[PDB]
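Next comes just one chain, in structure tokens: the form solved without ligand ADN.
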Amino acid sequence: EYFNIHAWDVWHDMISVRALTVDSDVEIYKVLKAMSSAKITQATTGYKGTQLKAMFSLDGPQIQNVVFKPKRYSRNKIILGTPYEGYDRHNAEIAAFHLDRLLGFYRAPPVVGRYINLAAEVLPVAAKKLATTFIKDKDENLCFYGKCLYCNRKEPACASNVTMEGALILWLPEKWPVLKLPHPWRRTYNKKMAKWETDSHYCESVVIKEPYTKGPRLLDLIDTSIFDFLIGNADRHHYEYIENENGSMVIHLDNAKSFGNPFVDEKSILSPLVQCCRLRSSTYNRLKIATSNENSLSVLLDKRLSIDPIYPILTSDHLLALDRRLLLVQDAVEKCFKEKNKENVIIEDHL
């Protein structure tokens, strides 16, 4: 046969240091379709971390690994309490991935929803580490509770009979190693307050040490703080970035502790933008196109979400919260304009 390109090669070749994904729907739909239908050849789970998940190896000329995040809540679950509470939301990863493309960031790895038949697809290729955590619930649904720091028998992820809904997230290829640093605006995760909550010229302190003095890092974190605020992710306490000879970029990896509460907008997430009053020019241009379109951000987002196999992805309240929070980002940007003047707020760094 002729003119064949395999989806896993499409994924490996589309990454550059300033873009994980591309505008082409043909290329992305090609990758999502393969993630959606590829045979699972191995399945396991790990001891590190606090969240229950699995790792699937998908078939192909070369094997492609994905993270599998199971459904843990109904679509109408409300996550209150602490801004960080609870299990990762599989539908939030899907929504965040498409919103990252819609806003032109292109910094999130592909995510697809999928209904996994645990009996037919997982058990016949499961590692012992995963298989030994399968149990049944009170209604004889098939479940597993995994291994991880907080994983235990009383908190399983349960299928509906044997069919488990979840999200698949592509591994980045080995050519693109990921580095992790603490976020200057991370929270304390106790009762004390962080420095940025008490200090208000805190950005002046950040820009003094590297890597925030020169280069794209601080504008990336401001981009990502806008993205995290719109989805309600208050828990990027450590950020991750790729890097080569041509630069670096903070990536939107693991966005699942989001879309937990459609009734509150956590403006503290916007602290990098509000305190620094710097904004990358290309980001600003796309934000004003988004507010001046005749279709709101959420109308455009749900059109993209309607292609995913497990759609509906978000309830209408989260969609309207997006549009409300986009206006709040515009307001924060304008306040930076008032108090430092536009031509000192908008930075054209050609990214």
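Residues carry their position along the shown sequence, with the first being 1.
Beyond what is shown, the protein has a form deposited with ligand ADN bound; the following relates to that form.
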- Note on the structure: Taking ligand ADN as it sits in the deposited complex and superposing it onto this form, judged by whether 3 or more of its atoms come within 2.4 Å of backbone or C-beta atoms, we find the site open
- Query: Looking in the deposited complex, is ligand ADN within 4.5 Å of a heavy atom from each of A321, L327 and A332?
  - Reply: no
- Note on the structure: With the partner omitted here, the residue among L123, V207, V178, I135 that in the deposited complex has a heavy atom within 4.5 Å of ligand ADN is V178
- Item | Answer option from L218, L253, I116, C143, heavy atom within 4.5 Å of ligand ADN in the deposited complex | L253
- Message: Taking ligand ADN as it sits in the deposited complex, is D199 in contact with it (heavy atom to heavy atom, 4.5 Å or less)?
- Response: no
- Do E240 and ligand ADN come within 4.5 Å of each other in the deposited complex, heavy atoms counted? yes
- Message: Can you tell me if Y212 lies within 4.5 angstroms of ligand ADN in the deposited complex, counting non-hydrogen atoms only?
- Response: no
- Determine whether any heavy atom of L172 comes within 4.5 Å of a heavy atom of ligand ADN in the deposited complex, and answer yes or no. yes
- Note: ligand ADN not shown here; in the deposited complex, the stretch from 273 to 281, 260 to 268, 218 to 226, 163 to 171 having heavy atoms within 4.5 Å of it is 163 to 171
